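Accompanying notes for the structure given below.
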Amino acid sequence: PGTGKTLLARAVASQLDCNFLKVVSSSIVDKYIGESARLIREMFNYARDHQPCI
Amino acid sequence: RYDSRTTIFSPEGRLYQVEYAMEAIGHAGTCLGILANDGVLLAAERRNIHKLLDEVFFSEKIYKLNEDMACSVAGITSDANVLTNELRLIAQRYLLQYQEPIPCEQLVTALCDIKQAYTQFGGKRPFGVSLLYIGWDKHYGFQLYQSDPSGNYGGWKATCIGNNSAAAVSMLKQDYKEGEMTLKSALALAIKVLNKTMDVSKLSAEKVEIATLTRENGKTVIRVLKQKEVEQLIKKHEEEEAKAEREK
Amino acid sequence: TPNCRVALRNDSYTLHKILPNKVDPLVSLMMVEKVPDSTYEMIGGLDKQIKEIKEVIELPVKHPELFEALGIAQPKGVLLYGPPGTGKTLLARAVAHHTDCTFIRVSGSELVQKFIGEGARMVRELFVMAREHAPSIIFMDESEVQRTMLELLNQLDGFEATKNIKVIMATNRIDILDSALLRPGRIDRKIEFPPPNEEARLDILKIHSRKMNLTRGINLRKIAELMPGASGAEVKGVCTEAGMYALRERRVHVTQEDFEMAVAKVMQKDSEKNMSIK
Amino acid sequence: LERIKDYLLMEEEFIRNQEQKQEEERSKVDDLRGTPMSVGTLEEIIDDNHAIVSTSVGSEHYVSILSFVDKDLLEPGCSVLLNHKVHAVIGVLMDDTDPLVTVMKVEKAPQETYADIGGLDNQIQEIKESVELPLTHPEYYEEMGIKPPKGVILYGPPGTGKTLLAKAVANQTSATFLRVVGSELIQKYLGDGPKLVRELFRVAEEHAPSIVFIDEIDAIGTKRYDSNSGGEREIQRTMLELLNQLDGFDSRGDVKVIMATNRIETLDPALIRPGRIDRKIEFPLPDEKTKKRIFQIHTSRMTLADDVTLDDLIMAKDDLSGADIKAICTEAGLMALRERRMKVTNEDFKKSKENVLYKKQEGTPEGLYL
Amino acid sequence: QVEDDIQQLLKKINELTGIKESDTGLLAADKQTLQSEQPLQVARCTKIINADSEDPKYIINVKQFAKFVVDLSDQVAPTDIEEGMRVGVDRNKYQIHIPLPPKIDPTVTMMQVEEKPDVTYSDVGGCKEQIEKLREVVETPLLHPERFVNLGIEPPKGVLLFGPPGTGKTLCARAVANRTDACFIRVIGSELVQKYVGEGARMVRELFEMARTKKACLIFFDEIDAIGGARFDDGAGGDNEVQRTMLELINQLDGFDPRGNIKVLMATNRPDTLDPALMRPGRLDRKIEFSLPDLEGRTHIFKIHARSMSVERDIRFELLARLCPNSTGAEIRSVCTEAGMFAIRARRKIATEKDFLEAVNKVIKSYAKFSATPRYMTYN
Amino acid sequence: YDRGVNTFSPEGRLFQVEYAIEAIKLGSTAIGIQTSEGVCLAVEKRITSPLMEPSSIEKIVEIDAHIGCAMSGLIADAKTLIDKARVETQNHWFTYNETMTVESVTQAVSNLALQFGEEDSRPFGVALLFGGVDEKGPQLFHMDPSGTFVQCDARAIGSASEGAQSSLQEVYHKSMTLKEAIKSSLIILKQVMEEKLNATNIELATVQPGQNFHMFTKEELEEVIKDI
Amino acid sequence: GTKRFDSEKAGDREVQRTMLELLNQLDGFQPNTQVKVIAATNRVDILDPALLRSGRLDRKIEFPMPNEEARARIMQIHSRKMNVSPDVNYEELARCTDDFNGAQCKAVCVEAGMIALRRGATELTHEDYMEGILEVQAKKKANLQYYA
Amino acid sequence: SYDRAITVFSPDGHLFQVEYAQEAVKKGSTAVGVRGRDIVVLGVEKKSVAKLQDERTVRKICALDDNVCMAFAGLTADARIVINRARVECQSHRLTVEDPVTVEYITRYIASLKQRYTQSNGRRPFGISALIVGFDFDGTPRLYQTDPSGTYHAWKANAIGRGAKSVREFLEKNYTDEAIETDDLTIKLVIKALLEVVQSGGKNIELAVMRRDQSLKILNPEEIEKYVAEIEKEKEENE
Ligand SMILES: Nc1ncnc2c1ncn2[C@@H]1O[C@H](COP(=O)(O)OP(=O)(O)OP(O)(O)=S)[C@@H](O)[C@H]1O
Ligand SMILES: Nc1ncnc2c1ncn2[C@@H]1O[C@H](COP(=O)(O)OP(=O)(O)OP(O)(O)=S)[C@@H](O)[C@H]1O
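Residue numbers (the UniProt record's numbering), protein chains in the order written: chain H, 176 to 229; chain W, 4 to 251; chain C, 109 to 250, 267 to 402; chain L, 65 to 84, 91 to 440; chain Y, 47 to 72, 80 to 433; chain Z, 8 to 127, 134 to 241; chain B, 292 to 439; chain F, 2 to 240.
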């Protein structure tokens, strides 16, 4: 936890710079619990613009 | 709630392992014995009638225990081996002590005390085995006995095994016999009972087991009889079913 | 009335006319209109059960005089049970189209209570409408939650109203229930449901296979004696597999040999061994 | 011929239920009011003929008072009659409460007195001495300085006639009576426990000496310890509200409470203390001496061929409720009615005794003490 | 058919009785001042957001609509039209005319006792030292503010009380309210449990508004499980707003300028359902329980509950206290009333020893106590 | 929790011993009184049935020719302890030709009043009152389940023992006589019992140094009761 | 800052609004070196992992309960204000007192003052503190027995 | 505490399992026993014949000596063990002491065995309660009862099993000191007790007596039938 978890994760990401978003995966565990899958749609259908997506 | 071990009492007070040993009896092979003078018989159901066995044992439920006593059995199988070894050893020790065969009721009470020794103490599993008794003596003649996991023993003339045999006991009461000591009548009655109670269609003789005990001149021979007479007994009973459908 | 919907004038806020029909979304729980078209005869031979149901439901509606000039109450609590549970639904639909009476199916489940909504969901306002549609029969599949059913027992038990408003609970496996339901002053006729005999399996066979074009030289009691205690579930299944045999042939003709394979088409296991022990 | 009499009595009672001013001064009252009247909430009354109100939407106004009756009867906390023109304070609103007050108020004594159940008259004698004596014959309580009991719990095996005892006491009374199935509080509404409670007991105090009758809340005695890891819903808070309403402050008055349960150990022992609830009454599977009386009541007005003895059935088996006896007495009558017959023989009672008794099934001893 | 006769002609004469009424059916301080008051105005009370400089230019909200930019009318006192003051705003001129009191909420005035119920200190016998400690809590800092000063110590401004149901908590509450001299306030816990969002928080605000008006006032909580001490929360997400109200209560209660001359008594049957955001001392300083009195207190509660009922002048209370193994004043008083009922079962003038014997039977030995009959010797 | 004879408390203590001291309280009452003239003793039987034969219920048993006893609470722990006390006093007379004094008797009993241990059985549930006449005159002795044995001048046990002690401290002093102490005991008895005092309820046991034998009064007890 | 509750049909909203704006004004977006963030809570597992995320609140100040010397130090600090009896071993108090906080030792101070006030003592004594320890816990008497 | 195990006291000072092992006795068959002055008498109810067996092996009344008699309630297996041990013990007493066994000795043995059985680790208590009736010293009739606690307790008459309060209430409402026995009065007293049984079916009655010098006599249910007939005759003479 911390040399192969959050650090040393963005090495080539610094070089490549295409569609590097973050998902800490707490934002899918929602309030209206079926907003989880809706925000999965909101993750992908907002992501696939920068065409090779990360 | 008050489950944990065989001991101690429940708050009414009932018992836990006692009722559950009875419900361990109920899912086993079905046995019975019949009211007969000048002989006595046993009936037994073959568990695991699968085609790849050997049957070289001549006896899977009967155990010719002393000389003039055998016993059927029902329940957890390998506890019964533990019980039969000890029972043979008890009766043989009695014969060693007196040079007279064991008069069968103190034999039954000895085994009941053996079972009760695991009913009281803690923590041991009680013996989940009920089993029958046929035998002969100098004091009453032919006898029949029913061991129970509580240590209670009831001298019956027509006995009871578990959930498969309540309707059998109902047939034994509604078809109660008295006076007729003929072994063949009792065999036909047993054929009728096992025809109703077992779900074996047309009663295949490989799925049954019959052993008898007669008094021959001074010997009290035990006849674990062969298969051909069982076949013709089934044919006898099906001819009597043809007699029963003469009413149509 | 108290609790009465009305129409309001829209310039001085006075009444216009009464809006009747106090009924909440609960006819949407009734849901009985065109249940099926009438089907009494489609029961394989449980006629004692049907006669007891007739003389526990309709005979109180037909002749209440003959009860209370004879001076007895009319029985209202009907629990239906069987050890497999078969014919549990078809008998309900059968009774439902032959009474001309406000039948009601509450075969749902103990939903809402405090999950997305208020609660009070077994007969809470449903009994108000059992009054509002005074001849009525209530039917349920079914012990599950522990205060709502109790409230509604105490609405149904004796202290309710004018009777002939009966409840039919119909499920298998009695012993999974609470300690209040099985009061005999609360359930008055408990009828068993046996798996059928050879003649009744023959009858159910005739019922389903009558529309099935069976060729000739075809015996049916042999098929009935190929059934080692068939509950009635698989009795329908044998005929459907016979129809499937006719379907896989591009044929419309069914022999008895099709049933000879169709009985064989049903066997499952539960084989395993080194478990006899017992 | 009596059915004509009973129908005419019921329809004339309905006719009586249908049988339920100033030539110009009442018209001035009709102009003292705007006809679309409304319901408001006084916050203060600055007594110089204009008051401040509060509405169900929340707009609060200096609105003038138009008194016909004494205008100082209404108070802050009591509602008013406001117009739609200037929301003018009209006048007399007799103090109204929720719709859920007439709902829980039975208006009849539809069944009968102690002559309905058969034989328990030691504890029927208790509820007698604790309701019928303090109400009707309140001599010795003042005359020996001793206060009467308040709370009565019915319990035991079900179908003993707990409902029958309830409706029997609902007969023999002149005090006002209320009928509450007290488990009705399954909402998704926070608060709303005390609303029903405070309004119920305020109504109970305002009318009369009364009985406030809670019925079957044995589920709601929620163990008085927690809900496990995360629970808290409202139910504990609502029962604690009722507890504080009963034996907190604000003296109880002439209010009686009779309660009934099936199971009893699952209750809340913060209620079962005396003072809060005084009497507890066992209703067990009775005897084989008042079963004769229960059969006697259930064979009062039915066609029984007197050759048969119900005491044979009483001698048969000894543990069953009086509701079971009612089920048998109706069911054997149906078995007689199989084929248009006059009276009931023995074998209808036998088949009906067997039929009703399909209840207890266990298993497998005991049976084997033995 | 004689009953047919009876009921038939009864109801027939009753029908006649209905037909009787059916055929027998056939302004100075109220009216002339009405139209004078009809040109009044429906002008709305408000609540003021802020004051601009050099001018009113007041911004205001009423309850729900918007945030209202207003004037003042000319005949005002323009000084005290400040924030936190509800004032009256017009429906044509849109200007402030008359100030108003704030949202007083006179259901929060309704929880004040407003009376003095009589239960004397001589009635609460059995706990002469627990009530001594509570006397030190209540009577002494409100009467003799010397020894706190002359020794340099702090008052126990909060005292929780816990114990079995039946014990005397209510009695001690109304006992100190009997000899109070101060402003005593009962607090129903579910007077905080209102429906809408963020209102019981404002109920705690109303409490502290009443508190800091005056001196030496007495807030009495009871049944704070209704308020709650359980932060019962995991992935179910149900009832949580009462916990918000209760944390608001902790915030305005203790820590960062607490109460002052305010002495609060609380009570609970369930101490193990509390929150350790109130278990901390400084908030609650005496966790005084009560226990069952041994014999002297039980004889004392006999003396209190039998001084004013007709008994024999020969009976003792030693043996009766003996046959109460574990009991309370409620159970003792039930014994007194039950033996009175037994005296009504006979026709006596007083009560005797055996009256209370069978009442002790009825209360304790005819308790439910499960299951049930203890018939064995093994002891005697 | 507390569950078990092998766990203390955060503040003390057992919690098995305390539950035994709780288990004392259910028994019948008894009162023994030391007087230099001799030790007297009394008890209540609480007879249930008329078929309950009164002379078969044992409260006062005989340990020595001059050492009496009384029991409390549980019966059979008392039967065990009485048996052992008899055996061991007899052992003292065996190896010493003399009478084991009452303090030494009760030390011999409370050597295993707490030898309770199921491994390496339960604690006993009985309080005992010991009276006897040693070389130091009469002795009155009181033990407990916990073996914490002490001398008492006039100890009362079991049920209602608090008011017995209180009203006993009302009447008692050092220079009492015999018959005064007898009636002083039975007054307290018919204040702490519930039924009428008669010939069959109570029983006395008096031991004197000159009347070492027969530590009992048999139906002159009727004459003593009718003198009140 | 609430754990976002995973349930339907209702919900107070402005807790989320003030939470998002608090984390917005706080850290991440709008960074500034003139923010000195102090915060204290009772419990930790009610909170969100967005409240930290990398360093929103990177410095953690836990508090173990006062170990040995801090307890008697705290009792000495509270007893500083009063009429001290100067034969009070506070180290004995630290030896006997266990699992106590600062506030409970302050309660020991106040209850020792009041217990001395029960006899009207001018200055305190040591078992005044000891009964303060007992009464802070629950109470004792002692009963006593089995300790002879 | 809890209902687990036998060693813990209650918080209010009880042993749950002693009170609870009495309940199995309290829920058993009834058996009474009285003493006459020269003949002792006892008997059991509930023969409970199931139409298809023998019952000579299920006998609840047996003997240990030629002088003493047994009875029990509760469950029967513990009765079988206790009776087996009692025979051995009675014979071992006969081995050293050459007396006929006093009844008080065998009751002290049974109660002592029962209590040291109850004290130990996890040995399940004997759920019986015996009646031990005998007449040894100058033929003086005695009868003692037991308890799962182990308290021998001498009476003059007794009732155990199901509903024993009513049966003992009948011995309370009958029990006359006069006269005397009079074996006829003892026989009629057995007849009145068995008529006062919980069921009194008339055929489920089993009684055995001892005249303090003889051995046990098992009766025949025709002598008992004429006994019930003359009891009904005296009941008619009440009218
Ligand atoms: N008397 C009958 N006559 C004809 N078909 C029957 C009869 N009884 C059962 N069946 C058939 O067997 C099946 C069992 O009936 P159902 O009651 O509908 O099924 P079910 O399992 O009983 O439903 P449950 O128990 O309420 S979940 C149905 O599909 C019927 O077609
Ligand atoms: N010493 C006493 N003297 C007189 N009555 C007493 C005494 N102790 C208790 N009581 C009784 O107990 C009542 C006061 O205690 P409680 O009413 O139990 O307080 P409480 O609010 O009921 O406690 P809970 O746990 O909330 S039910 C009195 O009204 C009496 O009925």
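Each residue gets a CB set at the ideal place from its N, CA and C atoms; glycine is no exception.
Test item: CB-CB of residue i and residue j under 8 angstroms
i        : j        : result
B:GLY393 : B:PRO357 : yes
C:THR272 : C:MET230 : yes
Z:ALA173 : Y:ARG375 : yes
Y:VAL246 : Y:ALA279 : yes
W:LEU192 : W:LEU206 : no
Y:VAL172 : Y:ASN231 : yes
Proximity winner among the options, relative to residue i (alpha-carbon distances)
i        : options                                : result
C:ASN321 : C:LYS170, C:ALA200, C:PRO352           : C:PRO352
W:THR9   : W:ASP82, W:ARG50, W:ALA46, W:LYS127    : W:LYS127
Z:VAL112 : Z:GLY75, Z:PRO57, Z:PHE123             : Z:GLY75
W:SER133 : W:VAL227, W:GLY32, W:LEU92             : W:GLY32
C:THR109 : L:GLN82, L:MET74, L:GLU76, L:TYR211    : L:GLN82
Z:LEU58  : F:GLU207, F:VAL191, F:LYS218, F:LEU172 : F:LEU172
Z:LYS196 : Z:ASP71, Z:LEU210, Z:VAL237            : Z:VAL237
Z:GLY39  : Z:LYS91, Z:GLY145, Z:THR161            : Z:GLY145
B:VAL401 : Y:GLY64, Y:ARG139, Y:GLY205, Y:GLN305  : Y:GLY205
Integer Cβ distance of residue i from residue j, believed to fall under 8 angstroms
i        : j        : result
L:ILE328 : L:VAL222 : 5 angstroms
L:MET309 : L:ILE284 : Contact flag wrong, Cβ pair sits at about 11 angstroms.
Y:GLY393 : Y:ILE354 : Wrong, their Cβ atoms sit about 16 angstroms apart, outside the cutoff.
L:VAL159 : L:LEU136 : 6 angstroms
Z:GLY80  : Y:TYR432 : 6 angstroms
Proximity test, residue i beta-carbon vs ligand 3 heavy atom, cut-off 7 angstroms
i        : result
C:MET150 : This structure simply doesn't include ligand 3; it includes ligand 1 and ligand 2 instead.
Q. Are three or more beta carbon pairs between the region 224-238 of chain Y and the region 269-279 of chain Y nearer than 8 angstroms?
A. yes
Q) Okay, do the region 341-352 of chain C and the region 289-309 of chain C touch, 3+ Cβ pairs below 8 angstroms being the bar? A) no
Q. Would you say the region 196-208 of chain F touches the region 162-177 of chain F, given that touching needs at least three Cβ pairs under 8 angstroms?
A. yes
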